[PDB]
Amino acid sequence: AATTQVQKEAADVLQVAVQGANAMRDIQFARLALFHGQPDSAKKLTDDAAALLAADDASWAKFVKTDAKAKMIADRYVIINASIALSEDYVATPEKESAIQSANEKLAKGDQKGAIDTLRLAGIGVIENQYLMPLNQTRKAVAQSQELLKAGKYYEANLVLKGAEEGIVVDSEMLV
Amino acid sequence: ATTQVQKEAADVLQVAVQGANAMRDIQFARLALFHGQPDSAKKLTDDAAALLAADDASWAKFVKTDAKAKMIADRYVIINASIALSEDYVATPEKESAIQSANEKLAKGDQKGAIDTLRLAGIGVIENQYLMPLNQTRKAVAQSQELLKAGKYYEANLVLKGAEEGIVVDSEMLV
Amino acid sequence: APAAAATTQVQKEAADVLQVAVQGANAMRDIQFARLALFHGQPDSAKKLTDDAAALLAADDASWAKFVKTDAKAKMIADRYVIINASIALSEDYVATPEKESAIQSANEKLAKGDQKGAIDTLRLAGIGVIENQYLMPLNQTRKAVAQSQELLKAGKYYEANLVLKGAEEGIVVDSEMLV
Amino acid sequence: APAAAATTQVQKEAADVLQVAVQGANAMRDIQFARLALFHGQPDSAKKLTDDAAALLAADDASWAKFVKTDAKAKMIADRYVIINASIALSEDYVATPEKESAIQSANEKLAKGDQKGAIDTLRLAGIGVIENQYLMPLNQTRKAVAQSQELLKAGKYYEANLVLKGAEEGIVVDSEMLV
Ligand SMILES: [Zn+2]
Ligand SMILES: [Zn+2]
Ligand SMILES: [Zn+2]
Ligand SMILES: [Zn+2]
Ligand SMILES: [Zn+2]
Ligand SMILES: [Zn+2]
Ligand SMILES: [Zn+2]
Ligand SMILES: [Zn+2]
Ligand SMILES: [Zn+2]
Ligand SMILES: [Zn+2]
């Protein structure tokens with residue numbers, strides 16, 4: 042409950058659709074469930090993914106990467122997850138220490154660009170990995186999986202779900 | 043009802059989704075810091091600390107007893123897992139029959155029979171597992187909390203990065 | 038008689054026509070193995086591997102230029118990012134249908150004739166998605182990291198050299214692009 | 038002068054002492070590039086790469102033996118799983134302290150003498166974790182998948198060959214191991 046609220050608020054302000062991350066985790070767990078001979082669990086998980094994805098298009102809109110360049114199919118790609126990619130040499134120098142101090146202050150005060158620039162110029166690189174989900178295609182995949190599960194076609198449902206996981210596109214973007 | 047559905051499913055899969063959630067809190071905290079959202083980073087790291095503070099008895103259900111590799115002397119919890127699958131994707135009657143047989147076996151909860159049947163037909167299926175050192179992740183999160191309080195955001199980010207790097211990847215057969 | 042192994046030549050010729058600088062992938066694998074070697078108590082192997090990375094990266098800028106992603110949008114530092122590795126990302130539902138069977142045959146015939154766009158579009162319309170994952174290496178920063186690691190190794194600072202090399206690996210940016 | 042590149046030799050000699058079959062890594066990179074080539078409408082290149090993989094994998098069973106993980110626990114199929122690639126997994130907090138600095142110096146001294154165990158223990162007890170991620174390739178099954186792909190390519194079944202190769206790649210099992 043607490044975690045769910047905390048993650049939703051944080052993700053909302055990061056423009057990340059945690060609801061999509063959760064649908065994909067349901068999918069992941071469904072495939073696991075199948076191969077543990079837990080088809081009832083797999084149904085509950087796939088039905089939950091369906092329910093999450095069924096949130097209306099207007100609600101997904103603020104999370105859509107409208108300028109997404111690498112699409113596997115013509116769809117609206119939603120930023121469903123993201124993470125920090127970071128590189129430095131891990132050797133302390135006074136220039137780096139000063140740069141970190143400056144960047145910390147700038148982050149505390151909301152000067153994101155100044156923080157990132159300051160770190161960059163000191164040899165500390167930081168960007169965002171993004172995970173992009175095709176909204177209508179993933180909806181389709183989950184529905185197809187539901188039907189296969191109803192038919193007892195577990196292995197086949199597992200592969201449709203794998204397909205849905207393989208449709209998540211990885212991208213990188215600068216933080217600003 | 044996602045929280046409930048995931049908990050019930052993960053409990054019977056011997057996966058500590060509470061651990062996965064703590065790790066996602068950590069992941070989001072690092073993001074938050076670099077978007078100039080220190081109050082959010084605090085909320086997220088405090089939530090990670092709360093989840094991790096669950097008692098040792100509750101974590102024990104999910105502790106891996108056969109881990110061949112550990113970085114630190116600690117209890118490693120299976121906090122996440124996923125299916126690793128390999129086949130040739132060329133349909134044959136022999137494979138299709140094996141699949142039908144496996145499906146029948148899974149319907150009745152016969153995991154071993156299902157996995158053996160698929161393996162004999164050239165369809166491989168095992169588990170990837172993600173292992174979290176319990177006390178070391180507790181320690182890293184507390185350390186990060188203190189650094190955030192001190193305004194040492196970049197440093198807290200690296201402590202959290204180390205916590206993420208402490209997740210050990212493993213594989214195991216489904217049987 | 039089957040082709041004899043000629044891996045360096047085969048990869049180079051193939052990667053050149055794919056706009057992938059396999060020389061960069063080779064430099065990064067050297068780096069990877071150097072870190073492994075350090076933690077096996079093999080400093081000499083680590084030196085040889087890091088020196089090899091340095092030699093590969095020292096290839097002149099003109100030679101790297103055709104592999105630079107000049108429109109790279111996610112950069113950690115201001116640098117020339119080289120496409121050093123790439124792989125196929127593929128998604129389909131694995132359910133055969135007549136429409137997919139026909140589309141796959143058609144795509145195969147198009148690829149036979151080098152009609153990449155037609156093939157990818159045909160697969161796409163049948164629900165078969167295919168794009169490229171790319172691995173982008175900052176040329177000057179990686180040169181710098183490798184040189185720095187060489188100096189640390191000379192000083193016997195093996196753990197530190199390991200972390201510099203780790204940072205070099207962490208400098209590799211992951212991107213995706215449509216195949217056409 | 039600086040060491041000129043001799044990448045295949047340097048990688049082989051290092052991997053041999055590390056018990057990593059780089060020949061396997063090379064075959065898998067050939068397979069990866071072959072899939073890439075197919076989707077660029079380069080079937081001739083895909084053939085050369087797949088043929089090179091076949092040639093590398095055709096190395097005799099005796100030669101693969103020193104790299105077989107005899108006690109592999111997570112097999113997809115009954116096969117000899119070869120350690121074909123490995124990398125360092127490392128975790129620390131990146132906060133310098135006198136205790137960690139001392140431990141790092143001590144670890145470096147121990148690694149200088151080839152004392153892997155002492156070094157790794159020393160780091161571990163200072164809160165620096167270091168293990169190996171290993172990549173395990175089923176030898177017979179991978180040979181089989183490459184031959185099968187070769188036939189499909191001869192038949193112009195490019196998409197299908199791609200998926201057989203994808204399955205070969207999905208047959209690589211990832212494990213972790215203690216350095217020592
Ligand atoms: Zn200083
Ligand atoms: Zn962002
Ligand atoms: Zn399990
Ligand atoms: Zn076990
Ligand atoms: Zn039957
Ligand atoms: Zn293991
Ligand atoms: Zn390309
Ligand atoms: Zn991009
Ligand atoms: Zn000191
Ligand atoms: Zn080793």
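Respectively, the protein sequence lines represent chains L, E, X and P. Under full-length UniProt numbering, the residues of the first sequence are numbered 42 to 217, in order. Under full-length UniProt numbering, the residues of the second sequence are numbered 43 to 217, in order. Under full-length UniProt numbering, the residues of the third sequence are numbered 38 to 217, in order. Under full-length UniProt numbering, the residues of the fourth sequence are numbered 38 to 217, in order. Think of the CB as a built atom: it goes at the ideal place given N, C-alpha and C, for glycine as much as any other residue.
Annotation for E:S186: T87, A198, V201 and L202 place their beta carbon closer than 7 Å to its own, counting only its chain and skipping 5 residues before and after. Excluding residues up to 5 positions away in sequence, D116 lie with their Cβ nearer than 6 Å to the Cβ of E:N177 in the same chain.
The region 159-211 of chain P is shown to contain whole beta strand (DSSP E) runs of 3 or more residues at 166-175, in chain order. When Cβ-Cβ separations below 7 Å define contact, P:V47 makes contact with chain X.
Those residues of the region 76-90 of chain X placed with their C-beta closer than 7 Å to a C-beta in chain P are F76, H77, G78, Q79, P80, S82, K85, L86, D88 and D89, ordered along the chain.
Look at X:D116: its beta carbon is at least 6 Å from all of the heavy atoms in ligand 8. Residue environment: L:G151 is assigned as exposed (fewer than 16 neighbouring CB atoms within 10 Å of its CB, all protein chains considered). DSSP, read as helix, strand or coil, puts P:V57 in coil. If you draw a straight line from the Cα of X:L189 to the Cα of P:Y172, it is about 29 Å long. Distance from the Cα of P:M174 is smallest, within the candidate group P:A184, P:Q60 and P:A140, for P:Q60. Counting only the Cα atoms, X:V57 lies some 9 Å from X:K49. For L:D212, the nearest CB of chain X lies under 7 Å from its own CB, placing it at the interface with that chain.
DSSP places E:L127 in the uninterrupted beta strand (DSSP E) bounded by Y118 to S128. Flagged as an interface residue toward chain X: P:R72, by a C-beta distance shorter than 7 Å.
By the neighbour-count definition (other C-beta atoms within 10 Å, threshold 16), P:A51 is a buried residue. Interface criterion not met: the Cβ of E:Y196 is under 7 Å from no Cβ in chain P. Rounded to whole angstroms, the gap between the alpha carbons of P:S124 and P:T45 is 18 Å. Judged by their CB atoms, X:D89 and P:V54 are not nearer to each other than the 7 Å cut-off.
Counted as a single uninterrupted DSSP element, the alpha helix (DSSP H) harbouring E:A99 occupies residues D98 to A102. Going by C-alpha positions, E:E138 is about 20 Å away from P:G208. Contact between L:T159 and L:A144 holds, with the beta-carbon distance rounding to 5 Å and staying under 8 Å. For E:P80, the CB stays at least 6 Å from every heavy atom of ligand 9. Considering only beta carbons, the part of the region 86-120 of chain L lying closer than 7 Å to chain E consists of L86, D89 and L93, in chain order. No residue range can be given for X:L216, since it is assigned to no alpha helix (DSSP H) and is classified by DSSP as neither H nor E. Distances from the CB of X:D212 to the heavy atoms of ligand 6 are all 6 Å or more.
Distance from the CA of E:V132 to the CA of E:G164, rounded to the nearest whole angstrom, comes to 11 Å. As DSSP reads the structure, X:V105 sits in a beta bridge with X:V119. L:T134 sits in coil when the DSSP states are folded into three classes, being neither helix nor strand. Scanning P:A92, P:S100 and P:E169 for the CA closest to the CA of X:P39 turns up P:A92. For L:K85, the uninterrupted alpha helix (DSSP H) run begins and ends at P80 to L94, by DSSP. The Cβ atoms of P:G166 and P:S213 do not sit closer than 7 Å to each other. A residue is called buried once 16 or more other Cβ atoms fall within 10 Å of its Cβ, and P:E169 is buried on that count. When the beta-carbon positions are compared, P:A62 and P:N122 come within less than 7 Å of each other. Within the same chain, and ignoring the five residues on either side of E:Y195 in sequence, the residues whose Cβ sits closer than 6 Å to its Cβ are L75. Identification of chain L residues near E:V167 by a Cβ-Cβ cut-off of 7 Å yields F76, ordered along the chain.
Relative to the Cα of X:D97, the nearest Cα in the group X:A109, X:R180, X:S82 and X:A184 belongs to X:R180.
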